[PDB]
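Student: What shape does this take:
(chains A, B, C, D and E)
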Amino acid sequence: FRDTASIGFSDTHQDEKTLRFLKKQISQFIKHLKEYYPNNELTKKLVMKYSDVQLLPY
Amino acid sequence: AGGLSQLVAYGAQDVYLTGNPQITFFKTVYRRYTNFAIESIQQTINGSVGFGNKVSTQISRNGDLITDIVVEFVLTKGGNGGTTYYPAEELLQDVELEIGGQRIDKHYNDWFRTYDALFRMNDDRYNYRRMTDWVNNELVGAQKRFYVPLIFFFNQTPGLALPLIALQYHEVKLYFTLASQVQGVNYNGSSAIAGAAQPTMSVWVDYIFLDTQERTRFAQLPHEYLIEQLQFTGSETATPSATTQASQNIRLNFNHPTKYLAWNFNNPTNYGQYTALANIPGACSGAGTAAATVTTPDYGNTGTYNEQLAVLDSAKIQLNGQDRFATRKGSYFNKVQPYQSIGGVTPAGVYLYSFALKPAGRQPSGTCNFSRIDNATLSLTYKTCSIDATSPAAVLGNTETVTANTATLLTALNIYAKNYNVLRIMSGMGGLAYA
Amino acid sequence: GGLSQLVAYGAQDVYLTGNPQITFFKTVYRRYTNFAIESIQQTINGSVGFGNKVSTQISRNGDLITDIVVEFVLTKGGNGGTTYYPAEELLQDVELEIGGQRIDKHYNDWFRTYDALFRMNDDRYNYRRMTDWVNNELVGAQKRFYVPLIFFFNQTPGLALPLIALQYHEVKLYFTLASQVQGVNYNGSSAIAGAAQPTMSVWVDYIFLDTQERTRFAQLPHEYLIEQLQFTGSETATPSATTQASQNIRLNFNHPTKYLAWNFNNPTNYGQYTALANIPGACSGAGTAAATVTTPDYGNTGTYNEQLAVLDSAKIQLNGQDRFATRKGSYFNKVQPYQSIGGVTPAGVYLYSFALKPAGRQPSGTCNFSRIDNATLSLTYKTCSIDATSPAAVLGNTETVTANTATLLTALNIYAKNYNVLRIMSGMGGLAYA
Amino acid sequence: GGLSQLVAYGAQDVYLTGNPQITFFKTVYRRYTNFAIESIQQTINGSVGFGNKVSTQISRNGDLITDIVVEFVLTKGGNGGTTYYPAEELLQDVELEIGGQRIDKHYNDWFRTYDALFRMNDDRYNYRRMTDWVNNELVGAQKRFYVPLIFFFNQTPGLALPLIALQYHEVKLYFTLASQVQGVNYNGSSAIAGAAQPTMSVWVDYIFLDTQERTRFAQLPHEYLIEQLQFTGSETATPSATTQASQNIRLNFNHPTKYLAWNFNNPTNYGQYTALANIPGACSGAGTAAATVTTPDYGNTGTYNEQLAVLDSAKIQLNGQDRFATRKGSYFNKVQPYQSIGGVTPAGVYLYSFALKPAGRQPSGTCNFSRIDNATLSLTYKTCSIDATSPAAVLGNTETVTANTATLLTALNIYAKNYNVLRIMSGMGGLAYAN
Amino acid sequence: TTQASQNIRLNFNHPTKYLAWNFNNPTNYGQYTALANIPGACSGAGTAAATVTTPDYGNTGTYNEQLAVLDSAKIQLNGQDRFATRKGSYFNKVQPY
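Tutor: Numbers count the residues shown, from 1 in each chain, chains lettered A, B, ... in the order given. Sure, structure below:
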């Protein structure tokens, strides 16, 4: 029938977590001073916080 | 002689201006751009329409990208000229932007008024008022079509056009709440206007049609659009009095990198009233004469630059217990901040504090990340409410720290924060990077 | 203080400030070429006077030219309130000729339409101070007006016309002066005895280039992306008090068009795009016993009161297909300018852009009418049912109607602005497309 | 719809969209450095009061400085209409010094001239709100006035003064306060008994930089392209009913100059660049029996009524030769600003640019006076034959004449704005060129 | 004269099953609503002696929502609405239904 291949609930790319995420970033890389670390590693910090999809057979 | 006499007046102090020249002004090369076309297309409105109703629209896939959105309304005057104040703006109580089933943003009629008060200017501001009010001394029964452009990030620059084309499986929806009452249209102060007509509403979306090379890339590639969002909370205003300067610590429940905060004090009774009423020309209904009352504004002249009628004396913002800046007078927030940061003129009762060099632009220019601040607080001090609002000698002839007795009617405080977020779009779906 | 904000940093900031590319606290200024600019008077050929045709040849004093200002000196033939941008009315038209080819042409009405749409704020106010009397001057007052021209090279140095690269070609301006100017030599249809003839002077601002820059312009080929005005006059499907007039005009337009613009007017009175009425400013004497809805308050000819405008709605159809859904006249008057210009357009003047930013120099979307067989502008007019002599009738009325005096707006002026290329090579120039 | 425009592609579209280089529908914003801004109060040395000279050293709290606002608290010594930009009048001048070396200096009249030429629309109005009383305030009224400074680093972040890179040099501002301010402590020549002394405070807006940028600023040498104001006051070859006075003023200017600016004025009436007359707003009591054309309507001192201006025509010569053809004073008042700035200039204020766009910061053509042996401003004045007390004579007259009261405009102020280079090296600095 | 508003940070910990709350008059135990001159809503309600300063203590609690104070409410977690704003009556009648 109707073709809607999404769920439509903003649950894929939303980083809907607390502000414990930057604390996880501090304990995830190294260097508890993240005022100069994201200023240095920009792409290396960007790719560390992205999606992961688990496809369906349909 | 002539221009050549200047041209040859060349020496060492010119070297850093014209030596080893890099540019000229007399050869502009325009950039070749992708082919596209723009069309304004009417959307379907779901839900009953009229005062107090909530309606919504789903933006259809007529084109590839969307930018500017204008809500049209048809309103009829419930009274004579001078009885309305931006009534189409008042009518559109709020607008909520949902993409892919999630809130992206939300605007309020008061925000539209505050936003305009701070960021529009000159003839753009006048043209805007012409689109939301009756400014040619129209009379009761007059009918006009009003236009209320939306102020979401994609409605301000093509640079943030929403790629409906790259949102194949997610819908873009706008939820619009219409006010139950609009001054000078269906209500006059607290009274209803018998026989008032209901508004007609229509929503128009400006679509961009891209050529095939551009359309292909949008449909296929992931995108991350830097967007703006409005955060807003309403607060109780510590009420000032004739006998005291009230003070207040307001907790600011904000998050994300914020360009600026903005706020106003108001009297919810009368839309757009950010100042005290007074018997001085334009400051109250009938102001300047015997019949003047300081219980009702001259609605058509609700806004004013008369600082004396503003309630705020001074303020500071604290972040996690540390003063952000030294306490400054309300007049700093009202005149200096926007002088430096916007370049327009801000009405009395409306305040701005920027964390950015240029808060009026799209390009980030300094932000305050409130997600890293446990306790952001706006600390306010109010003026003494001892001036007899009905007597110009007291109203116009008075001190810095003292305002109208009628300033105690301005009991509501609206605090806004405009911030950044990222709208990530991939494989037909999207949403914001940070909740 | 400020430190408390710097420390407030985390993942949400990375997209804004990580691996920073720019700062705001240090500007690199770009070294530019060496040049100077001089204002030089041109000689006017022919005979200056009302209704006369004159012309001027631009002298080779400098290498490039930009701004052109035409000075006129006029004396008031009546009191304050009797004139409306009279220097604009006087410069009936100006034609730009390069190498004997017609490149462009403006009309007094275009200057008025253009101003109505694209100038604004104090640019517009200062602009009026140069073409009219705005300090309540009285009969006999004499003023020099400065009418800037608005050809592509008169708006930006980026398109300065390289006379240096045009060694073989003359650049000329042909001017038509109006037979009559309101409040100067005529008052409505009446002549004003004793009115003076105009004094005219054309000033061209010429850029002097140093050796390296001058040589490149003189020797290299150039392609200047310029804008041109297209214009045709039409008879208006004259509004009526009994019904809604309608009209469909095939537009004889060409080239990638950034926008269309149009107005309805009473050809009798320069700048009158709206109906006359007995409401303040809408007619001579409006608001009192002496009010006449047959003559405008000339000093207040233009207005933002849309009730007096005549366009109910409009659309543009291309080769039988709608280009957009029909929109109301107030869309074209208030929204288009809001979205595309950022200024405030007077009632009776309409704009429809095909461009994101039509007010600028850089192309931002165009409609190429050179590939459209039937570009038709469809106009629906308001019903002129309002008794203009009764301010209540005007001020309290509905969306679809206007003044009975709106039927006087019998002329229709439709403009289009497009892009073309002015090619310059081996000392000569001309347009790439006709 | 829009699709028919996209599809009908032809030869003339090639020069607009063929081999496209850009789009408009996806803006990538540049990532900027991490910084924050703060307004910090300075301590003023010396006593503030009318006629006093005071100064302050800018505190080393942040790394860079930009905007500076001087706050004043003034009171009204009379009713509305008695003052004219009194906070601007009060701040007689400000001198900027680095390491003991003069960098620049502004004058109250310059602020008025600058405003008259370069601010506009609601920027100009908002500015007026910060320096005057514009809501018909009455005698005894108290207001806080903000006078932003106009030094080169007060206009753009791009020139933020690197206090951080000046480890060995002090930076100071010297402020001269006027002996009298109209409508505050004096009314025309008469002192106002009981007039209050001004309260004054200087606020400097600092930028706090993060680690990497602070390091670079502290350690690297810098060369900041700056603007400077040159100024000399002159006696005016005052015109008369009996003659067209003329004058040749050798211009003692140096450096690459963007523009010259000047005005003629009444030595005792701040901001009066035009003759007084019995026409609305042009004099005290204008329009009635009590009208006098010896005293202005102070609150309405400024005007666009050129009839009351005194310059018939002018030219600038370089090395004794004409630089451009002689033009009418109205050219320098209306056209030059139209072309070079885009705002509206008040009658009596004139501009001549040597630059395409002097209003900006980027050089766009300059006249280097350090290479011009004999630059001269040649003036021709209007004939002062109009009986200023008669509107028939004032409002209906010819191009070459002015008011008999125009002979009161005996002061001539000639300014020049130029470029120089401010070098900061190893913690110290100063300017590259003296002249 | 105005709709009052309030933002209350919730200093809670642990895996909460539910929140519950009430508004009350500290003077009168169990008074969660406004007092009124309608049967059971105040001391003396229905007669000449009625006062709306003191409750009918034996009938202190009521089901008459008109006397309820809360107009609407929402709960946010890290500034994000946990649910769309609902009326006070939603939290009084529907939730427990």
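
Student: Just the residues contacting the helix or strand where residue B:104 lies, thanks.
Tutor: Taking DSSP states H and E as the definition, one finds residue B:104 inside strand B:102-108. With contact meaning CB atoms under 8 Å, 6 or more residues apart in numbering or on different chains, strand B:102-108 is reached by A:9-10, A:14, B:93-98, B:150-153, B:227-230, B:232, B:423, B:431-432, E:81. Any C-beta I mention is one placed from the backbone N, CA and C, and that applies to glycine too.

Student: Neighbour count says what about these? Which are buried?
Tutor: Listed as buried from the contacts of strand B:102-108 are A:10, A:14, B:93-98, B:150-153, B:227-230, B:232, B:423, B:431-432; burial here means 16 or more other CB atoms under 10 Å in any protein chain shown.

Student: Return the residues of the stretch 301-435 of chain B in contact with chain D.
Tutor: Residues of the stretch 301-435 of chain B found near chain D (CB under 8 Å from any CB of the partner chain) are B:304-308, B:324-326, B:328-329, B:331-332, B:335-336, B:338-340, B:343-346, B:354-355, B:357, B:362-366, B:368, B:392-393, B:396-400.

Student: Now intersect those with the strands, please.
Tutor: B:328, B:329, B:354, B:368 (DSSP state E).

Student: What are the boundaries of the helices in the chain?
Tutor: Just so you know, I chose chain A. Under the criterion DSSP state H, chain A contains helices at A:21-28, A:37-40, A:43-46.

Student: oops, chain B please
Tutor: Using DSSP H, helices in chain B cover B:4-7, B:15-18, B:87-91, B:109-119, B:122-132, B:212-220, B:330-331, B:337-341, B:392-395.

Student: what about those helices, which gets the closest to residue A:30?
Tutor: helix B:212-220 (36.5 Å; CB to CB).

Student: close to chain D, is that closest one?
Tutor: Yes. Counting by CB under 8 Å from any CB, chain D is contacted by helix B:212-220 at B:213, B:214.

Student: hmm, back to that, quick one: which of the ones in strands among the residues of the stretch 301-435 of chain B next to chain D is nearest residue A:46?
Tutor: Nearest to residue A:46, judged by CB to CB, of those is residue B:368 at 21.8 Å.

Student: re the thing from before, so which of the residues of the stretch 301-435 of chain B next to chain D also contact chain E?
Tutor: With CB under 8 Å from any CB as the criterion, these include none near chain E.

Student: residues from chain A in reach of chain B?
Tutor: A:4-10, A:12-17, A:19, A:22, A:51.

Student: Farthest-apart pair in these, please.
Tutor: A:4 and A:22 (34.9 Å).

Student: Give me the more crowded residue out of these two.
Tutor: residue A:22 (21 against 11; other CB atoms under 10 Å in any protein chain shown).

Student: hmm, back to that, reformat the helices of chain B as CSV; add distance to residue A:41.
Tutor: Listed next are the helices of chain B as CSV, based on distance: least, CB to CB, whole Å:
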stretch, distance to residue A:41
helix B:4-7, 51
helix B:15-18, 37
helix B:87-91, 46
helix B:109-119, 36
helix B:122-132, 42
helix B:212-220, 28
helix B:330-331, 43
helix B:337-341, 32
helix B:392-395, 60
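
Student: Quick check: residue B:64 touching residue B:216?
Tutor: No. In this structure, residue B:64 is not within contact of residue B:216 by CB atoms under 8 Å, at 10.5 Å.

Student: that older thread, show me the two of the ones in strands among the residues of the stretch 301-435 of chain B next to chain D that sit farthest apart.
Tutor: Taking CB to CB, no two of those sit farther apart than B:329 and B:368, at 21.4 Å.

Student: coming back round to it: which of the contacts of strand B:102-108 fall within strands?
Tutor: Those of the contacts of strand B:102-108 lying in strands (DSSP E): B:93-98, B:227-230, B:232, B:423, B:431-432, E:81.

Student: and which of the residues of chain A next to chain B is nearest to chain D?
Tutor: residue A:22 (14.4 Å; CB to the nearest CB).

Student: separation between that closest one and residue C:12?
Tutor: For residue A:22, the distance to residue C:12 (CB to CB, to the nearest Å) stands at 8 Å.

Student: show me what contacts the residue in chain A that chain B sits nearest to?
Tutor: Closest residue of chain A to chain B, CB to the nearest CB: residue A:10 (2.8 Å). By CB under 8 Å, 6+ apart, the residues touching residue A:10 are A:16, B:99, B:100, B:101, B:102, B:431, B:432.

Student: From these, pick the one nearest residue A:29.
Tutor: residue A:16 (22.0 Å).

Student: Could you tell me the phi and psi values at that closest one?
Tutor: For residue A:16, the backbone dihedrals are phi -70, psi 80 (criterion: degrees, to the nearest 10).

Student: Might one say that it is in contact with residue B:435?
Tutor: Yes. With contact defined as CB under 8 Å, residue A:16 reaches residue B:435; the gap is 3.5 Å.

Student: Report whether the expected contact of residue B:115 with residue B:149 is present.
Tutor: No. The pair residue B:115 / residue B:149 is not scored as a contact, 11.0 Å apart, by CB under 8 Å.

Student: Tell me who's in contact with whichever residue of chain A sits closest to chain C.
Tutor: Residue nearest to chain C within chain A: residue A:42 (2.9 Å; CB to the nearest CB). Taking CB under 8 Å, 6+ apart, we find residue A:42 in contact with C:14, C:18, C:19, D:31.

Student: with the residues you listed in mind, which one is nearest to residue A:56?
Tutor: residue C:14 (32.1 Å).

Student: For chain D, what's the nearest residue on chain A?
Tutor: Closest point on chain A to chain D, by CB to the nearest CB, is residue A:36, at 5.1 Å.

Student: now the residue nearest to residue B:376 when sequence neighbours are not counted: how far from residue B:258?
Tutor: In space, and not counting its chain neighbours, residue B:376 is closest to residue B:252: 4.1 Å by CB to CB, 6 or more residues apart in numbering or on different chains. Relative to residue B:258, residue B:252 is positioned 10 Å away (CB to CB).

Student: shared neighbours of these two, which are they?
Tutor: Applying CB under 8 Å, 6+ apart, one finds that residue B:252 and residue B:258 are jointly contacted by B:370, B:417.

Student: Could you list the contact residues of chain A toward chain E?
Tutor: A:16, A:17, A:18, A:19.

Student: thinking the second one is in contact with residue B:435, fair?
Tutor: Yes. With contacts defined as CB under 8 Å, residue A:17 counts as touching residue B:435 at a distance of 7.2 Å.
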